[PDB]
Structure formats: structure tokens, C-alpha cells
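Notes for the structure review
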Amino acid sequence: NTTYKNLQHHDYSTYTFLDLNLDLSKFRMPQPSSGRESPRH
Amino acid sequence: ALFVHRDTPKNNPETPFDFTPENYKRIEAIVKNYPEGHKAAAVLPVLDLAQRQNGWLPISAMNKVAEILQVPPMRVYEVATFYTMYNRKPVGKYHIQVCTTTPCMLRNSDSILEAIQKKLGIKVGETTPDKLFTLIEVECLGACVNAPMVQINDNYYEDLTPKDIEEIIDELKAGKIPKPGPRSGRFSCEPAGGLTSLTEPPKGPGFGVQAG
Amino acid sequence: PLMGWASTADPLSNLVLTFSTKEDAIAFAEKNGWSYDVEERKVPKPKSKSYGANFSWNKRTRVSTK
Amino acid sequence: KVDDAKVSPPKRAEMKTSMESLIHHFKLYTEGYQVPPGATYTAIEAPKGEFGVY
Amino acid sequence: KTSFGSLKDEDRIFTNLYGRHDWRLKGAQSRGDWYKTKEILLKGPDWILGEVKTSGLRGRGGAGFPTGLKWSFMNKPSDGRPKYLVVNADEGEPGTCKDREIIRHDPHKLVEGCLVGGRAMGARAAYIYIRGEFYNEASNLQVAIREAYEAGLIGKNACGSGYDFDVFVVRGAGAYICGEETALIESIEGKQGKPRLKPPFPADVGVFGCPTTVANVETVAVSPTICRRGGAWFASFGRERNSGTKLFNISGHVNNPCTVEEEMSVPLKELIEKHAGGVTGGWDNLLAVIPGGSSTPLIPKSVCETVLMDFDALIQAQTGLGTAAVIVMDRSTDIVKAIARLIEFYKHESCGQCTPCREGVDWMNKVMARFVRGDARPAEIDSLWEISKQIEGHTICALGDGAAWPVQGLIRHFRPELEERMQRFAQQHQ
Amino acid sequence: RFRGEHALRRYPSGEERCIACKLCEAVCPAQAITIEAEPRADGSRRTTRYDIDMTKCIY
Amino acid sequence: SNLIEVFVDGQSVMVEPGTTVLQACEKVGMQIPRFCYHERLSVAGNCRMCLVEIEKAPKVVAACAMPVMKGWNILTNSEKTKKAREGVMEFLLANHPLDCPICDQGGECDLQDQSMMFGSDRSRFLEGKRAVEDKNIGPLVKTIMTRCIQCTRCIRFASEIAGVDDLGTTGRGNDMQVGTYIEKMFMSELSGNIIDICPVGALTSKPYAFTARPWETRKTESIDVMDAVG
Ligand SMILES: Cc1cc2nc3c(=O)[nH]c(=O)nc-3n(C[C@H](O)[C@H](O)[C@H](O)COP(=O)(O)O)c2cc1C
Ligand code: SF4
Ligand code: SF4
Ligand code: SF4
Ligand code: SF4
Ligand code: FES
Ligand code: FES
């Protein structure tokens with residue numbers, strides 16, 4: 001197929017990466033902790 | 001390129017700098033992705049949020065990021081002085097990156113460099129006596145398969161010529177922005193001959209597989 | 001008092017005798033008569049360090065810089 | 001001189017523009033070059049006679 | 001065995017090169033995604049590793065480490081520490097656009113492949129690292145992740161079975177070193193991107209101390225197709241060590257510089273002229289050919305007219321095969337100037353861990369400046385040879401090595417232009 | 001190239017040529033050089049006391 | 001029972017598991033020359049000086065951070081070990097300025113001693129020689145940052161003993177300035193102990209600065225005061 005199936009990329013605004021990271025935050029297993037909350041606590 | 005701060009106010013903390021609570025919810029999504037115990041890994045996305053909010057980051061932005069992520073600021077200063085996307089000098093609206101190394105310069109980037117130079121006026125690496133025309137030439141970006149390239153704010157321009165230079169710069173003066181994609185036809189990264197790629201509509205899951 | 005130097009009435013002030021063992025040192029000092037103070041040898045203590053331990057997961061030994 | 005700059009000091013041109021020759025000049029005149037352990041003897045013909053050095 | 005190999009249609013591993021029928025999970029299903037993958041997943045990861053080593057996947061990105069050995073190191077028994085999969089998507093070797101095409105026109109097969117890799121080795125979460133130059137393509141990737149989540153088929157309890165698998169995306173901030181094997185890992189860690197030391201492997205201590213691994217995007221793309229298709233159907237294209245299909249792209253000096261899928265071997269003259277327009281000015285106009293990209297020595301005219309495009313062939317030619325900039329360059333450009341600009345790029349992007357790459361690229365940049373201006377002696381060009389023998393392999397990463405190799409190729413092949421340049425500088429000053 | 005007076009030099013319309021880098025006292029085979037060094041209020045490193053013993057000087 | 005056999009040029013010796021090549025080589029007396037490794041800190045590898053040709057390997061590897069498999073043989077006095085030392089020592093002295101008179105580590109350098117005993121003699125690299133302008137770290141510690149060989153020893157000392165985290169690497173390639181970015185006069189405890197850490201003449205004492213050069217002064221045993229630890 002010789003037709004450009006994209007231009008789905010064309011509408012991308014300068015906030016959309018953080019928007020998708022924002023909206024896809026659910027089903028997040030707890031990113032496992034280790035002792036203190038931080039290297040300096 | 002003067003990697004020591006040397007305050008010069010319009011810098012010199014505290015410069016008044018603060019975000020949006022919507023951006024604070026972005027911040028909480030960012031340090032909710034990474035696991036507990038290593039909060040200090042989201043420094044580069046939070047600093048990316050700071051750049052996308054305010055076009056260049058001041059030093060009070062770095063103090064703000066350090067107090068948000070409860071880290072000493074020195075790691076934020078390291079990450080700010082280390083990478084390329086973060087310009088500690090103040091810039092304009094649009095930012096010009098003329099990429100030219102191995103296919104780009106060897107496919108005659110110097111015509112594009114001359115066109116940008118004698119169209120805009122200011123020399124390479126420097127800034128402009130207005131906004132929206134901070135010009136730097138840059139090293140490779142990845143998008144190599146075409147003519148030497150121009151990056152503006154999260155957009156590309158390939159397959160150039162000085163009349164396209166005149167058109168794109170006059171239309172950024174006007175404010176109407178052209179497409180990120182290629183030029184001279186060939187609507188993607190294409191073999192631009194007689195379509196030597198696939199032509200048939202692909203079958204996929206239908207034909208002979210095994211252990212599936 | 002004429003040049004600003006450090007004179008001394010000590011001919012023995014610039015002696016040093018580099019030896020190889022403590023036993024022959026004590027034997028020579030007792031052989032030649034004068035008294036002596038023995039300080040004992042101190043090696044550097046062997047340690048237990050590793051780069052993977054500098055990249056810990058839930059141990060606090062973390063490089064925090066690089 | 002020998003072309004072994006870790007024993008004989010270099011000359012002025014390379015001394016004023018090198019790096020290795022300046023370092024060799026500096027430490028060669030402060031410390032003195034190290035000499036491997038052992039006892040040697042030799043003797044040449046002084047006009048008196050056997051000038052020996054041990 | 002094939003007679004040096006070429007493209008036969010529908011044997012393309014992935015279709016939809018650019019702008020084709022749609023851009024959707026429905027289009028992925030029409031092209032061959034989400035088809036009978038649960039029966040592959042619920043058979044056991046040992047069978048997936050057997051399928052991949054049946055295909056015999058040579059590792060991509062211009063390294064040479066095969067995927068089967070790496071993911072067989074990834075079969076550690078699971079302890080209290082989880083397992084991570086990191087999909088690297090930077091484009092170094094300037095001239096690339098390797099996976100720019102893939103992440104711009106088909107993220108769905110990448111989602112398929114990261115799900116396959118997460119099941120096949122006990123991994124639990126996959127971080128996908130995109131270059132910071134790619135905001136719009138990153139947002140296309142975010143739209144595709146939203147579509148795959150909105151299908152309700154990845155995220156938690158994938159394929160209907162009780163198997164959660166989350167995928168995240170971390171942007172780049174612009175580097176060459178973040179593409180490498182371990183500076184990637186610490187760049188995710190929030191510390192500045194700097195490689196670790198190798199004998200503690202990433203499969204033992206990785207992202208903060210967990211057994212992880214890093215996959216190239218071409219490996220992620222080819223991985224569900226080998227699972228859903230037959231054993232060694234992929235392996236029937238080319239030789240025995242290297243096997244399968246690869247993107248050979250000319251990003252550089254030809255008429256219509258572009259990208260083509262091909263098999264593992266190809267005659268180079270057919271590759272250059274019978275697929276991508278023609279050479280600028282004819283076949284006899286070019287001065288030389290660089291394969292690989294930028295971490296590869298050059299190949300001159302009398303060698304490029306005969307040598308086939310295999311990994312073992314370029315080992316026999318003392319070079320290293322990479323991706324997408326298998327390009328020629330004209331006599332009308334000075335290869336000294338081109339390689340000197342590449343050395344300037346190497347200086348502009350390199351971290352400062354190791355002393356030898358730092359100071360060696362410093363000397364080579366200043367000395368290639370003195371060669372473009374021609375203000376040296378032939379002892380200097382042999383000194384550049386000696387230092388390029390000194391640097392190689394005495395570092396952490398391969399950026400110092402990939403700065404050593406172009407100097408090696410230039411000295412092994414194009415001595416006489418250097419001698420004539422220096423003689424013309426002698427005629428100029430005298 | 002006679003060896004006589006033990007004189008000093010100075011820069012062209014400039015300050016004292018010595019730095020007090022103690023090389024001459026490190027090499028002086030009768031140790032007749034005596035250097036005690038201090039920096040002044042400017043910042044460049046200099047001396048306090050630079051003494052040649054003419055008795056010990058073997059030249 | 002937890003032993004490892006290595007041959008140091010034929011001389012067999014036993015190695016505890018997990019340790020380095022360098023601790024065993026220092027156990028048999030061979031001081032492999034080092035610049036970034038120091039035993040009070042963690043193990044970086046950024047100085048590259050400790051390369052040593054370990055047998056049946058075409059690549060010459062570091063010795064400060066090598067795990068010790070059973071049954072090695074360690075060739076310290078080979079050919080290409082000396083060639084790698086010549087190369088590395090020639091690389092260090094390129095962008096290092098001619099300051100050995102006005103340095104304060106004339107008797108106590110490390111480049112000087114190890115470049116006599118291990119390096120080349122005829123230099124190269126005719127032009128070039130960039131320079132990094134100094135900073136103002138503290139009025140107790142005089143600081144010249146052109147002589148910094150970027151060895152990352154003061155940084156590890158800060159982040160692992162001082163815990164202050166004010167010194168960092170800035171830049172890439174040749175251009176790596178090491179220090180504090182923000183014109184802050186770094187003042188903390190044990191900041192006087194950084195002039196003994198810095199192996200080259202880049203961090204010297206400010207009040208001592210230019211009074212002597214250490215071959216004249218004689219060294220004498222004594223016991224500390226003002227602290228109850230000594
Ligand atoms: C010098 C160097 C540059 C690299 N550049 C890139 C790059 O731009 N993009 C990328 O995805 N990987 C890059 N890599 C990593 C390789 O692609 C590596 O093979 C990858 O981590 C795993 O690929 P494989 O498992 O298919 O062999 C680079 C590695 C090195 C040593
Ligand atoms: S070779 Fe250079 S770029 Fe690579 S890890 Fe070492 S210092 Fe960094
Ligand atoms: S201290 Fe001696 S060697 Fe050094 S500059 Fe002064 S006179 Fe010359
Ligand atoms: S200041 Fe000294 S200790 Fe710190 S990196 Fe530089 S040379 Fe090493
Ligand atoms: S630290 Fe540098 S300037 Fe100082 S004595 Fe050593 S080589 Fe010379
Ligand atoms: S060199 Fe211009 S994009 Fe890679
Ligand atoms: S001592 Fe091993 S590299 Fe510095």
C-alpha cells in the first residue's frame with residue numbers, strides 16, 4: 001500500500017507526552033521500595 | 001560555553017518562578033511512575049516540565065525542582081550542565097537547530113547554512129536582536145535519510161532548498177507553521193523510485209505458522 | 001643572630017638508621033647502649049568493597065552521584 | 001647525550017615546550033633518577049694508576 | 001543457499017513502511033498483530049527462547065551479541081528483586097533513521113514485542129527510552145499506548161490471563177551515550193548518563209539493583225513475528241551466523257536517499273543503484289563507501305565493488321556492520337574533512353569517565369584540524385596511527401573504539417591524498 | 001660562560017624573576033642557598049629570604 | 001575453604017573471594033600504579049592507569065575493579081602492559097600546564113614520580129593545550145582548576161564521606177569542569193582534608209601556599225591535640 005498511513009503523528013501538541021504519561025498512570029505496581037524513602041532521608 | 005553561573009539578574013535567586021497545579025499533577029504522575037526508594041530518578045522529566053513551561057530554565061527553577069524532589073540541588077545542576085535539550089541562556093519563541101554531520105554535511109548543508117545566514121543575518125551559534133530566531137548548528141539528531149535538516153520546537157524539516165528557507169522563515173514570521181514531515185513529495189521515508197517496497201495487502205495471522 | 005638560621009648543639013640530630021626488622025633494631029639499640037622507644041607496625045586494614053555494592057537496591061551504600 | 005630522557009635531562013627547546021620533558025626535568029633534578037639495587041665495581045686508568053670505584 | 005540474496009515480496013517481516021492503510025490496533029490486527037499470542041505465551045518461556053535461537057537472531061544496533069545468549073542469561077530464578085525490560089530507542093551513528101520509521105509508523109508491533117520479552121524472561125515492567133529529539137513521535141507512541149490500554153488487553157492481566165505487564169516511556173535529553181548499554185540504565189536512574197563497569201552485568205545488577213536487560217527496537221519488532229511464525233523461516237535468508245532481514249538504508253549521497261528492508265546478504269552494487277535512484281554522478285564518481293554509520297572504518301572503491309554485505313564479510317574486511325548509513329561519498333568532498341567533522345561530533349558528545357577517550361579524542365580533533373589545514377609532518381600521521389592503536393579497547397564503552405576505527409580506516413586506505421595535501425601546504429608556505 | 005658573581009635577573013620593566021621554587025637549594029651541593037618563601041599581598045608566589053653563602057659556594 | 005589461586009608472574013598466592021586483582025598484587029608487594037583508586041573511598045575506574053595484561057585475553061583490563069576468578073596468571077612486566085602505561089601517561093600530560101615551578105606539589109607530585117618511573121621521555125602534541133580557569137571554593141583551600149586531571153576523587157570523597165554534595169562534573173568530552181556551579185564558597189567540615197586527597201597540584205593549602213617545597217622540611221612523629229581521639 002503506497003499511501004502514507006500516518007499523519008496520525010501530525011496533530012501532536014507540545015504537552016501530549018506528559019498528557020499520555022498522566023493518563024496512563026493506572027495499573028502501576030508499587031515500584032518496589034528499599035529501606036529509606038530517599039538516599040538522604 | 002561558560003559553565004559557571006555568575007548570577008546576572010533576570011537570574012540570581014530568587015527570580016520569581018512557579019508552576020500551575022495542573023503541572024503539579026503532572027509532577028505527581030512523574031514521581032508516581034518510578035518506584036519508591038529512588039525518588040531522585042525523575043529529575044530529568046521534572047526539569048523537562050520546567051523547560052516546556054518556561055522556555056529556558058533559570059536557577060530559581062533548579063532550586064524549585066530541588067525542593068520539590070527533596071534532593072540537594074547539585075545533582076540538578078549536573079543534569080542541567082550535562083545534556084543538550086536544556087539551554088540555560090534565554091532564548092526566543094522558535095529555536096533553530098541546523099543539523100549537519102555525516103550524511104547531512106556530505107549532502108551539502110553549507111548551502112542551507114549560507115541561506116540561513118544571509119536570510120536571518122545573525123551568525124552561527126549566536127542569537128538574534130528579537131525573539132524566535134535563536135540559531136545554532138547541531139550534531140546528529142537521527143533523522144538522516146534525507147537532506148540536511150532543521151529542527152524547530154518539536155518539529156522537523158527535511159528536503160530543503162533556499163526558497164523553502166525563505167518560505168518557512170517568512171511563515172514563522174507570519175505565524176503559520178508548515179508540516180513536520182518531508183518535502184518534494186515522498187510522504188514518508190520512502191524509496192522514491194518505482195515503489196520497490198511491498199505492494200500486496202499483507203495476510204498476517206492467516207497463513208502458515210507453527211506452535212501458535 | 002646574624003642570618004636567621006637554626007643552629008644547634010646537637011651532632012646526633014640528623015641521624016637516621018633504616019632497618020629491616022624490629023628484632024635487629026632492638027638488638028642494635030641495646031648493643032650500642034642508649035634507650036629506645038618501640039612503636040609497633042600498622043598495616044592498612046583489608047576491606048570489602050565492590051562496584052555492585054555501590055549500585056545497591058535496598059542497601060544504603062549508594063553512590064548518589066554517577 | 002643519551003636519547004633516554006629518564007636519565008639525562010632534555011634540552012631547553014623541548015623543556016620550554018613539552019610536557020614529559022618538563023616533568024622529567026623537574027623530578028630528575030629534585031629526586032634524582034632511581035638506580036637498581038646491587039653492588040658494582042669498575043676501574044679505569046687514571047694517570048696515577050687503577051682509579052677504582054665501588 | 002541463495003545466490004547472495006535479495007528481496008522477495010511478502011517475506012518482509014513488517015509491512016507499512018510509511019503512510020499505509022491506517023495507523024491503529026485494528027490496522028495492526030489486519031497486518032498480523034494480536035493473533036494467537038496467548039497460546040504462545042502459555043507454553044513456557046523456554047519454548048520462546050528455543051524459537052528465537054531457532055531463528056538465530058543476531059543482535060542489532062551494530063554490536064554483535066546475539067539475543068538468544070542474552071535472554072538465556074535472563075533465565076535467572078526469580079528472587080525478591082523484580083525483573084525489568086528496557087527498550088532502547090536512541091539513534092546514534094549519525095546517518096541513522098533506523099527505528100524512527102518503526103516508531104513513527106508502527107508502535108503496535110513494538111507493544112507486541114515488549115509483551116513477548118516481558119513474558120519470555122520473567123520481566124515485570126518495561127521502560128521504553130525514546131530520544132529527546134522525538135517529541136511528536138513520542139506522542140504518537142503515547143497515543144498507541146492509550147489505544148492498547150483502551151483495548152483493555154495490556155496493563156494489568158494481559159491476554160485475558162492473570163499476567164500484568166506495564167510499559168512506561170522515558171524521554172531522552174539529547175545524547176549519544178544514552179543509547180549505549182549501561183549509561184541508559186543510569187540515565188533512567190536520575191543520575192547523569194554514565195556507563196557502569198561491565199563484569200557486573202546488567203543481568204545481575206541493573207536498574208537500581210535488579211536483573212534487567214536492554215533490547216533494541218528491531219529485536220522487539222522481530223520478536224512476536226518469530227513467535228507467531230515458523231521456526232527458521234527467518235533463518236533461511238543469508239548465512240548461518242547472521243540470519244534474517246535487516247534495514248539497509250542509504251542516508252547520504254545517492255539520488256533519492258532512502259530506506260529498504262533486505263535480507264542478510266546483498267550484492268552492494270544492486271543495493272546502491274537498483275533500489276535507491278542512482279549514485280550522484282554515476283558509479284565511478286564516488287570516492288569511497290562507509291558501511292555501519294559512524295563507528296565503522298571506510299571501504300574504498302576497489303573493495304566496495306566486490307564485497308558483499310554480511311557481518312562475517314565485514315569482519316573479513318576489518319570493519320563492523322551497523323545500520324542505515326551504508327552510504328557512499330563523492331570525490332567532490334574531502335574525506336579528511338568528513339572524518340574530521342565526525343571527530344568533532346565525537347568530542348561534542350562523550351562522557352568524561354575514562355581518561356583515554358577524553359584525551360584521545362582531544363588529540364585526534366586537534367590533529368585532524370592540523371591535517372585539514374595540513375600543517376604537520378608524516379611522523380604525525382603515523383603518530384595518529386599509534387594513538388589509534390593505543391586507545392582501542394582501553395575504555396569502558398565503545399565510543400572511544402568507534403573514534404579509533406575511522407582514523408584506522410583513513411590511515412589504512414587514503415594515505416596519498418594526505419600526502420598531497422601536506423605537499424600542497426609545503427608549496428603554500430614555501 | 002664564566003661562573004663568577006652570582007647575580008640575579010628581572011623581567012623586562014618587570015618584577016623579580018625568581019619564583020622561590022627551591023630548585024637551586026635542592027641542587028646546591030654545599031647547601032649554600034637558603035630560601036624562605038612567602039607570597040605578598042598581590043597573589044603571585046615569592047620569597048622572604050634568599051641567601052647565598054659565599055664560603056660554601058664551590059661555583 | 002574460600003581461597004583463589006593466582007600466579008603473580010609465577011609466584012602463587014591465595015586470594016579471598018570478591019576482592020580485586022589490586023589488593024592481591026599489593027599483597028605480594030607489587031604496587032601497580034594508580035590515580036583514581038584510593039582505599040578510603042569507593043572504586044572508580046576513570047583514570048585507566050591500572051591496566052595489566054591478564055593472560056588468554058586480547059584486551060588489557062583494569063585491576064582496581066576486576067573480580068578474581070580461580071587460577072589466574074598476572075603479567076605485570078609484559079610488553080603491551082608497558083605500552084599501555086606509556087600511552088596513558090602520554091595522554092595525561094597533554095592538557096596539563098607548565099606549572100611545576102609554581103605548583104605546590106613539587107616534591108609531592110604524582111604525575112612527576114610516575115611519569116619518571118613509568119612514562120615516555122620525548123613528548124608530542126605540538127599545539128593545543130586548553131586551560132580551565134579556576135574557581136573560589138574556600139578561603140582556606142587555594143584552588144587552581146587548570147591542573148585538575150578530572151580524576152573524580154574529590155567528588156567521591158564529598159558524596160561518600162562529607163555528604164555535602166557540592167562538587168560535580170560539568171560538561172562532556174575534553175570540557176569537564178569539576179566543582180560547584182553556582183559561585184558558592186564551599187565551606188563545610190573536613191574541607192581541609194581535600195588538599196591531601198587531590199593527587200595533583202589542583203587543590204592546595206591557602207595559608208601554607210608558598211612558603212616551602214617539601215624536600216627541605218623534615219618529618220617528625222607527634223600526637224594530636226584539641227580532639228580526644230588523636
Ligand atoms: C557506541 C554505541 C552506540 C550505541 N547507540 C545506540 C543507539 O543510538 N540506539 C540504540 O538503540 N542502541 C544503541 N546502542 C546499543 C546497541 O544497540 C546494543 O546492541 C543494544 O543495547 C542491544 O542490541 P542487541 O541486543 O540487538 O545486540 C549503542 C551501543 C554502543 C556501544
Ligand atoms: S570511553 Fe569516554 S564516552 Fe565511553 S564511558 Fe569512557 S569516558 Fe564515557
Ligand atoms: S628558587 Fe632558585 S631555581 Fe627557582 S626560580 Fe628562584 S633562583 Fe631559580
Ligand atoms: S580536583 Fe583533584 S581530586 Fe578532584 S577530580 Fe580534579 S584532580 Fe581529581
Ligand atoms: S601536579 Fe602538575 S603542575 Fe604540579 S608538579 Fe605535578 S605535573 Fe607539575
Ligand atoms: S546527521 Fe543530521 S540527522 Fe543524523
Ligand atoms: S586505578 Fe583502576 S582505573 Fe584508576
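Residues numbered from 1 in each chain as written, not as in the entry; some residues may be left out. Chains lettered and ligands numbered in written order. Part of a larger assembly, values for the part shown. Heavy atoms only, no water. Residues with missing side-chain atoms left out of burial classes, pairs and counts.

Per the PDB record, the structure was determined using cryo-EM to 6.2 Å resolution.

Right, let's talk about the overall build of chain E for a bit. Helices and strands together make up the secondary structure of chain E, namely 17 helices and nine strands. For chain E, whose C-alpha radius of gyration is 23 Å, the value lies close to the compact-globule estimate of 22 Å for 430 residues. Counting contacts in chain E only where the partners sit at least 6 residues apart, residues at least 24 apart contribute 69% of the total. (Helix = DSSP H or I, 4+ residues; strand = E, 2+ residues; numbered from the N terminus. Rg over C-alpha atoms; globule rule 2.2 N^0.38 Å. Contact = heavy atoms within 4.5 Å.)

Attention shifts here to the overall build of chain C. Along chain C, the regular secondary structure elements total one helix and zero strands. Over its C-alpha atoms, taken along the principal directions, chain C stretches across nearly 65 × 45 × 15 Å.

Bringing the interface of chain G and chain E into the picture now. Each side of the interface is counted separately: chain G has seven residues, and chain E has 10 residues. Residue composition of the side of chain G that touches chain E, grouped by class: three nonpolar, three polar and one charged. (Nonpolar A, V, L, I, M, F, W, Y, C, P; charged D, E, K, R; others polar.)

Cis rather than trans, the peptide bond between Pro13 of chain B and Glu14 of chain B has omega equal to 10°. Looking at the element boundaries, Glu14 of chain B is found in the segment before α1 (21–33). The backbone phi angle of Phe125 of chain G is positive, close to 60°, even though this residue is not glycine. Residue position: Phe125 of chain G is located in the loop between α3 (111–118) and β5 (141–143).

Residues and elements named next belong to chain E. Along its sequence, chain E is carved into domain 1 (1–56), domain 2 (57–236), domain 3 (237–333) and domain 4 (334–430). Using only C-alpha atoms to locate each centre, domain 2 and domain 3 end up separated by 27 Å. Facing the nine residues of domain 2 at the interface are 14 residues of domain 3. In terms of residue class, the side of domain 2 that touches domain 3 is made up of three nonpolar, four polar and two charged. (Domains from an automatic or database assignment.)

Glancing now at the sheet that holds strand β1 (residues 4–8) of chain G. All names here are of chain G. Pairing is mixed across the open sheet formed by four strands, whose spatial order is β2-β1-β4-β3. In this open sheet, the two edge strands, each paired with only one partner strand, are β2 (11–15) and β3 (53–54). Two elements, β3 and strand β4 (residues 72–75), share two bridges in a ladder whose sense is antiparallel. Each bridged residue has a counterpart across the sheet, and for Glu53 the counterpart in β4 is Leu75. (Pairing = 2+ DSSP bridges.)

Our focus in this paragraph is the interface of chain E and chain B. Taken together, the contact between chain E and chain B spans 32 residues of the former and 28 residues of the latter. Counting residues per element, the ones that place at least two in the side of chain E that touches chain B are α1 (25–31), α7 (135–150) and α9 (217–228) of chain E. Looking at the side of chain E that touches chain B residue by residue, the classes come out as 11 nonpolar, 13 polar and eight charged.

Bringing the sheet that holds strand β4 (residues 212–216) of chain E into the picture now. Residues and elements named next belong to chain E. In spatial order, the strands read β3-β2-β1-β4; together these four strands make up an open sheet with parallel pairing. Each edge of the open sheet carries a strand with a single partner, namely β3 (166–171) and β4. When the angles between neighbouring strand axes are averaged without regard to direction, this sheet yields 25°. Where strand β1 (residues 84–89) and β4 come together, five bridges link them in parallel fashion. What sits directly across from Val86, in β4, is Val214. Relative to the sheet, α9 contacts β1 and β4, its axis offset from that of β4 by approximately 85°. (Axes fitted to C-alpha atoms, helices over the stretch in contact; angles between N-to-C directions.)

A word on the pairing of strand β2 (residues 50–53) of chain D. Looking down a regular strand, the side chains alternate between one sheet face and the other. All names here are of chain D. Pairing of strand β1 (residues 42–45) with β2, which is carried by four bridges, proceeds in the antiparallel orientation. Across the sheet, the residue bridging to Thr42 is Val53, located in β2. In this structure, the hairpin formed by β1 and β2 is closed by a connection of four residues.

So, about the arrangement of the chains. Taken together, the 10 pairs of chains in contact show their highest number of contacts between chains B and E. Nothing in chain C touches chain D; the tightest C-alpha to C-alpha distance between them is still 15 Å. Taking C-alpha atoms only, the smallest gap left between chain A and chain G, which are not in contact, amounts to 9 Å.

This brings us to the pairing of strand β2 (residues 125–130) of chain E. Residues and elements named next belong to chain E. One ladder, built from six bridges, connects β1 with β2; its direction is parallel. Counterpart to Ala89 in the pairing with β2 is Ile130. Summarising the sheet, β2 and β3 pair through six bridges and their orientation is parallel. Of the residues in β3, the one forming a bridge with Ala126 is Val167. Between the parallel elements β2 and β3, the chain passes through α7 in a crossover that is right-handed. (Right-handed = clockwise from strand over helix to strand, strands pointing away.)

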